[PDB]
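Colleague: My structure is in coords-v5.txt, and what it holds is compact mmCIF, C-alpha atoms:
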# COMPACT_ATOMS: atom_id res chain seq x y z
CA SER A 1 0.00 0.00 0.00
CA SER A 2 0.94 3.73 -0.05
CA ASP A 3 2.39 3.48 3.49
CA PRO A 4 4.45 0.16 3.05
CA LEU A 5 5.94 1.27 -0.33
CA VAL A 6 7.35 4.62 0.96
CA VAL A 7 8.82 2.77 4.00
CA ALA A 8 10.45 0.08 1.77
CA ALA A 9 11.99 2.72 -0.56
CA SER A 10 13.34 4.62 2.49
CA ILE A 11 15.03 1.45 3.93
CA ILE A 12 16.53 0.66 0.50
CA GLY A 13 18.03 4.21 0.25
CA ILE A 14 19.45 4.03 3.79
CA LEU A 15 21.13 0.61 3.10
CA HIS A 16 22.68 1.96 -0.15
CA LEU A 17 24.03 5.06 1.69
CA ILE A 18 25.58 2.92 4.49
CA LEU A 19 27.24 0.64 1.89
CA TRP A 20 28.69 3.68 0.02
CA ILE A 21 30.08 5.21 3.29
CA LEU A 22 31.72 1.82 4.13
CA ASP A 23 33.38 1.75 0.67
CA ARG A 24 34.73 5.33 1.08
CA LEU A 25 36.19 4.43 4.51
CA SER B 1 2.30 21.70 -3.97
CA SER B 2 4.44 21.21 -0.81
CA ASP B 3 3.06 17.66 -0.35
CA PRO B 4 3.39 16.42 -4.06
CA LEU B 5 6.96 17.82 -4.45
CA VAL B 6 8.41 16.03 -1.36
CA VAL B 7 6.72 12.77 -2.52
CA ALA B 8 8.15 13.11 -6.08
CA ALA B 9 11.69 13.79 -4.76
CA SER B 10 11.41 10.74 -2.46
CA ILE B 11 10.36 8.42 -5.37
CA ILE B 12 13.21 9.78 -7.52
CA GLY B 13 15.78 9.03 -4.73
CA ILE B 14 14.41 5.50 -4.19
CA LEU B 15 14.60 4.70 -7.97
CA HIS B 16 18.22 5.97 -8.13
CA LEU B 17 19.19 3.83 -5.07
CA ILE B 18 17.59 0.66 -6.59
CA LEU B 19 19.44 1.27 -9.90
CA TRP B 20 22.79 1.70 -8.06
CA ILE B 21 22.25 -1.55 -6.03
CA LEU B 22 21.45 -3.42 -9.31
CA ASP B 23 24.72 -2.12 -10.85
CA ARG B 24 26.78 -3.24 -7.80
CA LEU B 25 25.22 -6.74 -7.97
CA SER C 1 14.89 23.69 14.02
CA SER C 2 14.10 19.93 13.97
CA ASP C 3 11.49 20.45 11.21
CA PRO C 4 13.57 22.82 8.87
CA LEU C 5 16.74 20.64 9.10
CA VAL C 6 15.03 17.35 8.01
CA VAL C 7 13.35 19.25 5.11
CA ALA C 8 16.70 20.80 3.98
CA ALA C 9 18.48 17.39 4.08
CA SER C 10 15.62 15.84 2.05
CA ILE C 11 15.85 18.57 -0.69
CA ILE C 12 19.64 18.15 -0.83
CA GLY C 13 19.28 14.34 -1.34
CA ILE C 14 16.63 14.80 -4.06
CA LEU C 15 18.84 17.33 -5.98
CA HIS C 16 21.84 14.94 -5.81
CA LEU C 17 19.70 12.01 -7.10
CA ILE C 18 18.34 14.11 -10.05
CA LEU C 19 21.91 15.18 -10.97
CA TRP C 20 23.13 11.54 -10.89
CA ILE C 21 20.20 10.36 -13.12
CA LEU C 22 21.01 13.19 -15.62
CA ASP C 23 24.67 12.04 -15.75
CA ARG C 24 23.66 8.38 -16.38
CA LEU C 25 21.34 9.47 -19.24
CA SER D 1 12.54 1.97 17.93
CA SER D 2 10.57 2.47 14.66
CA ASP D 3 10.81 6.28 15.02
CA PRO D 4 14.62 6.54 15.96
CA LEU D 5 15.70 4.09 13.18
CA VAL D 6 13.96 5.99 10.30
CA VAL D 7 15.46 9.28 11.64
CA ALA D 8 19.00 7.76 11.84
CA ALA D 9 18.77 6.36 8.27
CA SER D 10 17.57 9.77 7.00
CA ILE D 11 20.55 11.62 8.65
CA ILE D 12 22.97 9.05 7.21
CA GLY D 13 21.55 9.57 3.65
CA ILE D 14 21.72 13.38 3.98
CA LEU D 15 25.41 13.26 5.15
CA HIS D 16 26.34 10.96 2.21
CA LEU D 17 24.59 13.32 -0.29
CA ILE D 18 26.41 16.41 1.13
CA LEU D 19 29.78 14.58 0.90
CA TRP D 20 29.10 13.58 -2.75
CA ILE D 21 28.11 17.20 -3.71
CA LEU D 22 31.36 18.48 -2.06
CA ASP D 23 33.40 15.96 -4.12
CA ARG D 24 31.70 17.04 -7.40
CA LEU D 25 32.43 20.72 -6.62
Let me see the structure of the file written as structure tokens.
Modeller:
Amino acid sequence: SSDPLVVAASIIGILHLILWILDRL
Amino acid sequence: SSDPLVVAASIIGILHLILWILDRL
Amino acid sequence: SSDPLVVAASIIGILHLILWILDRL
Amino acid sequence: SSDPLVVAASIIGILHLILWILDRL
């Protein structure tokens, strides 16, 4: 639904950002 | 409006993150 | 404040995502 | 909790975006 989709997209973005920061370190 | 713009930006960010994750895989 | 900071960070992230998508195209 | 985690992920994403923009400049 409109609430579970926005949540899922947010979690995906956060995971990608954390991975990128770990690569730069 | 102030509600549709923040939603659109969020969807754009999520799509970009998904694409990046697919490239890394 | 706690409301203007989260908004500013969100706009910054959206602009960065749009720029990245334009580079990939 | 479900409120502190979403906030933390958001801050992490914003910091990563700012760093990327600084590198492009």
Colleague: Could you fit chain C onto chain A by least squares over every C-alpha atom, paired in order, and give me the moved chain as a short mmCIF file (atom, residue, chain, number, x, y, z; two decimals) with C-alpha atoms, in the frame of the given file?
Modeller:
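Dumped to selection27.cif:
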data_model
loop_
_atom_site.label_atom_id
_atom_site.label_comp_id
_atom_site.auth_asym_id
_atom_site.auth_seq_id
_atom_site.Cartn_x
_atom_site.Cartn_y
_atom_site.Cartn_z
CA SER C 1 0.00 0.00 0.00
CA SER C 2 0.93 3.73 -0.05
CA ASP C 3 2.39 3.47 3.49
CA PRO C 4 4.44 0.16 3.04
CA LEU C 5 5.94 1.27 -0.33
CA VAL C 6 7.36 4.62 0.96
CA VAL C 7 8.82 2.77 4.00
CA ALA C 8 10.46 0.08 1.77
CA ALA C 9 11.99 2.73 -0.56
CA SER C 10 13.34 4.62 2.49
CA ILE C 11 15.04 1.45 3.93
CA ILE C 12 16.53 0.66 0.51
CA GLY C 13 18.03 4.21 0.25
CA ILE C 14 19.45 4.03 3.79
CA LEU C 15 21.12 0.61 3.10
CA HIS C 16 22.68 1.95 -0.14
CA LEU C 17 24.03 5.06 1.68
CA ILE C 18 25.58 2.92 4.50
CA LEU C 19 27.25 0.65 1.89
CA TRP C 20 28.68 3.68 0.02
CA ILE C 21 30.08 5.21 3.28
CA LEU C 22 31.72 1.82 4.13
CA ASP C 23 33.38 1.75 0.67
CA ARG C 24 34.73 5.33 1.08
CA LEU C 25 36.20 4.43 4.51
#
Colleague: At a cut-off of 12 Å, using all atoms listed in the file, what residues contact segment 18-24 of chain B? Leave out same-chain residues fewer than 5 positions from it and give the result as a compact mmCIF listing (two decimals) with C-alpha atoms, in the coordinates of the input.
Modeller:
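Now in result07.txt:
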# COMPACT_ATOMS: atom_id res chain seq x y z
CA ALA A 8 10.45 0.08 1.77
CA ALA A 9 11.99 2.72 -0.56
CA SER A 10 13.34 4.62 2.49
CA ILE A 11 15.03 1.45 3.93
CA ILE A 12 16.53 0.66 0.50
CA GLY A 13 18.03 4.21 0.25
CA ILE A 14 19.45 4.03 3.79
CA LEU A 15 21.13 0.61 3.10
CA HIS A 16 22.68 1.96 -0.15
CA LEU A 17 24.03 5.06 1.69
CA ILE A 18 25.58 2.92 4.49
CA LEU A 19 27.24 0.64 1.89
CA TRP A 20 28.69 3.68 0.02
CA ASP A 23 33.38 1.75 0.67
CA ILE B 11 10.36 8.42 -5.37
CA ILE B 12 13.21 9.78 -7.52
CA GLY B 13 15.78 9.03 -4.73
CA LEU C 17 19.70 12.01 -7.10
CA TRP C 20 23.13 11.54 -10.89
CA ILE C 21 20.20 10.36 -13.12
CA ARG C 24 23.66 8.38 -16.38
Colleague: Work out how far atom CA of residue 2 of chain B is from atom CA of residue 6 of chain A, in Å to one decimal.
Modeller: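 So the answer is 16.9 Å.
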Colleague: Separation of atom CA of residue 3 of chain B and atom CA of residue 7 of chain C, in Å?
Modeller: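 Atom-to-atom, atom CA of residue 3 of chain B and atom CA of residue 7 of chain C are spaced 11.8 Å apart.
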